[PDB]
There are 4 protein chains.
Amino acid sequence: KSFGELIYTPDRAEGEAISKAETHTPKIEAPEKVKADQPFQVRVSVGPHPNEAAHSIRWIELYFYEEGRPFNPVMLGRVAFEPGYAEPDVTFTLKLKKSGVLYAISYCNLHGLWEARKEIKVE
Amino acid sequence: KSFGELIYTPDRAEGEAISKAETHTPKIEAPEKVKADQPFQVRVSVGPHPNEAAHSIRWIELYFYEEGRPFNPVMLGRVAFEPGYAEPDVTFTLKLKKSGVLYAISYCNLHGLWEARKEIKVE
Amino acid sequence: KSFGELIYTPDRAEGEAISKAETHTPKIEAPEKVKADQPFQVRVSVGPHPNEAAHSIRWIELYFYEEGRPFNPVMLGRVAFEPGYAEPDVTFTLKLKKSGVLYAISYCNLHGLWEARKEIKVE
Amino acid sequence: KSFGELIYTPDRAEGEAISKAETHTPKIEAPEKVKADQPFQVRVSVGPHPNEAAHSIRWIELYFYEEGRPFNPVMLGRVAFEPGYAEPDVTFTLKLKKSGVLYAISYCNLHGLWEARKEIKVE
Ligand SMILES: [Fe+3]
Ligand SMILES: [Fe+3]
Ligand SMILES: [Fe+3]
Ligand SMILES: [Fe+3]
């Protein structure tokens, strides 16, 4: 198996048995359209999910596929959360110059890597 | 010199020459009082400051001194920002059980480590 | 595109034009066979590749697919390197209980995410 | 209290009661003298110390005070370890241009931040 194959895509996440008990797939909130170079908020959150030393969303990575860039993706940010203190809920502020796709990857110490994605238009 | 001594405290930050050109000391926004186990937002931001490959706030660490805990501090979260895409501005969601002090530490690739602190009461 | 698809697999890495100029695919050095619970070294390195503020291997993530684990992978470690000071070369010390596959993912600020993988037998 | 004051210095570490049970102060192995721009290894390790989900050295940060640099320190690298899989033992490869002081900061989820320091001469 390739590393990429191991990641739970949002289409496959829906049919997982664990998903009946808890949610790992990130929710990405962001404007569908933004102006170039103008700051906007992106909120990423995972839940409901346990948040304890033995089981929690340890971190979230935010990436961006920039349309037309010769190589992709760009990592935009990464946030790590202390189990039992910080909820897996973060807001970033970004500025973009070109349209593309935002990817949020969450990591659970028990349940692996889960992906969310969201198109964003820059005009 | 100890490592701790190298960090720019908010009282010393005020008199630094670089501070006339740009701000490194984090701003922490958080309720003065919260209820135990109830989620609340903490916003940490640094600015105005350059945000480019050659010079940016690379990351922010959020720590907590918990009054009465036998050892301190607890790291609550850490966020890294891609230069030129992500602004050094983050919102966390926390739950606390005991009163203490929030510390935000920012890192600039040119200008080092800068500290902000803020008391928080849990009742 | 899924996030997983974006990652440069070691089979695809070979035919990339950029690979004629520089190497992004991690080299993983690790024993083929180890004893359960006994510490061993894993060395991960990327090169030759530029190492400057404007272009460097920013970090490496080490993951493990554990055969028989209900969910995968487990993140084993992550290391970030200061451009121009630290070379993208790290040695970890691990203990494993079960056989599986080590994955090393490198990130270049210009050229994206590149994967290496290596089987490890635990007896 | 300032954030810097909270960090356990190597002189204070010696007299801590917890230090009779386990070691948090990093050991830094590095040449006393190196040539400018020539790669060398720095090994940082913490132990003996528990390594489990509930209690482990979560990460190590490596910093450098560069003599003559207008601001300090520079972060050289940071490594995070999965509890129960990775031992808190890392080797970095560095290149330096100027003399200074290496600082290693370890973090324990129960016992806080502990400092080690080591002079390095560049000739
Ligand atoms: Fe989970
Ligand atoms: Fe600065
Ligand atoms: Fe590259
Ligand atoms: Fe400890």
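These values consider heavy atoms only, across backbone and side chains, with no hydrogens, waters or symmetry-generated copies. Sequence lines set the chain letters: A, B, ... in the order given, protein chains first and strands last, and positions in each chain run from 1. Counting starts at 1 for both ligands and their atoms, in listed order.
- A side chain to side chain contact (heavy atoms under 4.5 Å, CB included) with D:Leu62 is found for one member of D:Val79, D:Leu94, D:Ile105, D:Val90 and no other, namely D:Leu94.
- Rounded to 10 degrees, the NE2-metal-NE2 angle spanning A:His49 and A:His55 at the Fe ion (ligand 1) equals 90°.
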Review point. So C:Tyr63 and C:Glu115, side-chain hydrogen bond (donor to acceptor under 3.5 Å, both in side chains) or not? Walk me through it.
Key: CA-CA 11 Å; C:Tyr63 287 93; C:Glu115 172 194 14; over 6 Å; no
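- Angle subtended at the Fe ion (ligand 1) by A:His24 NE2 and A:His111 ND1: 90°, rounded to 10 degrees.
- The Fe ion (ligand 1) forms the vertex of an angle spanning SG of A:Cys108 and OE2 of A:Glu22; to the nearest 10 degrees it equals 180°.
- In this structure, B:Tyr8 and B:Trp114 have parallel ring planes: the angle between them is below the 30° cut-off, well short of the 60° mark.
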Practice item. Report the C-alpha separation of A:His55 and A:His49 in whole Å, then their side-chain angles, then the decisive distance to 0.1 Å, and conclude whether the side-chain contact (heavy atoms from CB on, under 4.5 Å) test is met. Key: CA-CA 9 Å; A:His55 185 197; A:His49 184 275; 3.0 Å; yes
